[PDB]
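For reference, the structure is listed below as structure tokens.
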Amino acid sequence: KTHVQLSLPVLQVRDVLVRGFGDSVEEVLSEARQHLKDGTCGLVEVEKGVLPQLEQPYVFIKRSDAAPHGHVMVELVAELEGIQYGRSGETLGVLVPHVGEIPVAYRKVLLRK
């Protein structure tokens with residue numbers, strides 16, 4: 001399937017134990033896609049002071065379209081030292097590994113895979 005319905009646990013930035021997916025744009029996009037498939041991917045909602053508490057490169061989910069079955073269509077865009085790899089809509093949040101942190105909410109998304 002080109003798209004997969006996912007429900008992503010929304011984590012508070014200060015709870016997050018593993019604050020990024022790796023060390024290159026290509027690795028973080030790779031790791032993010034693997035964790036999304038394995039159901040081991042969390043979402044942090046981006047506000048003032050969140051991104052400096054996480055590790056670059058960042059992986060964002062961005063709205064790819066204006067929402068089947070409640071699931072917002074999203075795609076992945078990475079960022080490293082102010083350069084983005086991908087072009088998409090509004091940020092829904094930053095992806096991080098989920099290692100059992102308690103979420104505050106779930107974000108229903110349709111991921112272009």
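Chain labels run A, B, ... following the order of the structure tokens; each chain numbers its residues from 1, and ligands are numbered from 1 in the order shown.
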
Counting only C-alpha atoms, what are the residues of region 71-108 of chain A within 9 Å of region 26-37 of chain A, and for each of them which pair of atoms is the nearest and at what distance in Å, to one decimal? Sort the table by chain and rising number, as a Markdown table.
| residue | atom | partner | partner_atom | distance |
| --- | --- | --- | --- | --- |
| A:76 | CA | A:29 | CA | 7.2 |
| A:77 | CA | A:29 | CA | 7.8 |
| A:78 | CA | A:29 | CA | 6.6 |
| A:95 | CA | A:32 | CA | 7.0 |
| A:96 | CA | A:32 | CA | 7.5 |
| A:97 | CA | A:35 | CA | 6.9 |
| A:98 | CA | A:35 | CA | 8.3 |

- Task: Step one, run DSSP on the backbone; step two, keep only residues of chain A assigned to helix (DSSP H, G or I); then write them as a list in words.
- Result: residues 13, 14, 15, 25, 26, 27, 28, 29, 30, 31, 32, 33, 34, 35, 36, 37, 38, 51, 52, 53, 68, 69 and 70 of chain A

Using only C-alpha atoms, what table do you get, as JSON lines, when you list each residue of region 24-87 of chain A with an atom no more than 8 Å from region 101-111 of chain A, its nearest pair of atoms, and their distance in Å rounded to one decimal, rows by chain then rising number?
{"residue": "A:43", "atom": "CA", "partner": "A:107", "partner_atom": "CA", "distance": 7.9}
{"residue": "A:67", "atom": "CA", "partner": "A:110", "partner_atom": "CA", "distance": 7.9}
{"residue": "A:68", "atom": "CA", "partner": "A:110", "partner_atom": "CA", "distance": 7.7}
{"residue": "A:70", "atom": "CA", "partner": "A:108", "partner_atom": "CA", "distance": 6.6}
{"residue": "A:71", "atom": "CA", "partner": "A:109", "partner_atom": "CA", "distance": 4.2}
{"residue": "A:72", "atom": "CA", "partner": "A:109", "partner_atom": "CA", "distance": 4.6}
{"residue": "A:73", "atom": "CA", "partner": "A:110", "partner_atom": "CA", "distance": 4.5}
{"residue": "A:74", "atom": "CA", "partner": "A:111", "partner_atom": "CA", "distance": 5.3}
{"residue": "A:75", "atom": "CA", "partner": "A:111", "partner_atom": "CA", "distance": 5.9}

Please produce a file of the residues just selected, as a compact mmCIF listing (two decimals), in the first residue's frame, where the atoms kept are C-alpha atoms.
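Below you can see part-v2.txt, which holds the result:
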# COMPACT_ATOMS: atom_id res chain seq x y z
CA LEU A 43 5.32 12.44 17.73
CA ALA A 67 -8.28 13.47 5.77
CA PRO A 68 -9.62 9.91 5.16
CA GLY A 70 -10.02 11.01 10.52
CA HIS A 71 -6.39 10.29 9.38
CA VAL A 72 -4.52 13.41 8.06
CA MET A 73 -2.34 12.56 5.02
CA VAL A 74 1.31 13.30 5.84
CA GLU A 75 4.79 12.78 4.42

- Message: Can you pull out the residues contacting residue 1 (chain A)? Cut-off 10 Å, using only C-alpha atoms, and skip same-chain residues under 2 positions away; I want them as a VMD selection string.
- Response: chain A and resid 3 to 4 112 to 113

Grab the residues selected above and save them as a CSV table (one decimal), in the first residue's frame with C-alpha atoms.
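What follows is the written file again-v6.csv:
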chain,number,residue,atom,x,y,z
A,3,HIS,CA,-0.4,4.8,2.4
A,4,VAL,CA,-0.7,3.3,5.9
A,112,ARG,CA,2.7,8.1,2.3
A,113,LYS,CA,5.0,5.0,2.5

- Would you mind telling me which residue in A:50, A:41, A:80, A:94 lies nearest to residue 62 (chain A) when using only C-alpha atoms?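 Checking each candidate against residue 62 (chain A), we get A:94 as the closest.
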
- Task: Kindly indicate which residue among A:52, A:100, A:20, A:89 lies nearest to residue 64 (chain A), using only C-alpha atoms for the distances.
- Result: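 Checking each candidate against residue 64 (chain A), we get A:89 as the closest.
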
- Residue list (strand (DSSP E), DSSP) for region 18-110 of chain A, as number ranges by chain: A: 41-44, 58-63, 72-80, 83-85, 91-97, 105-110

- Message: Here is a test: counting only C-alpha atoms, which residue of A:13, A:6, A:87, A:66 is nearest to residue 46 (chain A)?
- Response: A:13

- Which value, in Å to one decimal, gives the distance between CA of residue 18 (chain A) and CA of residue 38 (chain A)?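 Separating CA of residue 18 (chain A) from CA of residue 38 (chain A) is a distance of 16.1 Å.
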
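CA of residue 53 (chain A) sits 13.7 Å away from CA of residue 93 (chain A).
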
- Item | Length of the CA of residue 63 (chain A) to CA of residue 92 (chain A) vector [Å] | 6.9 Å
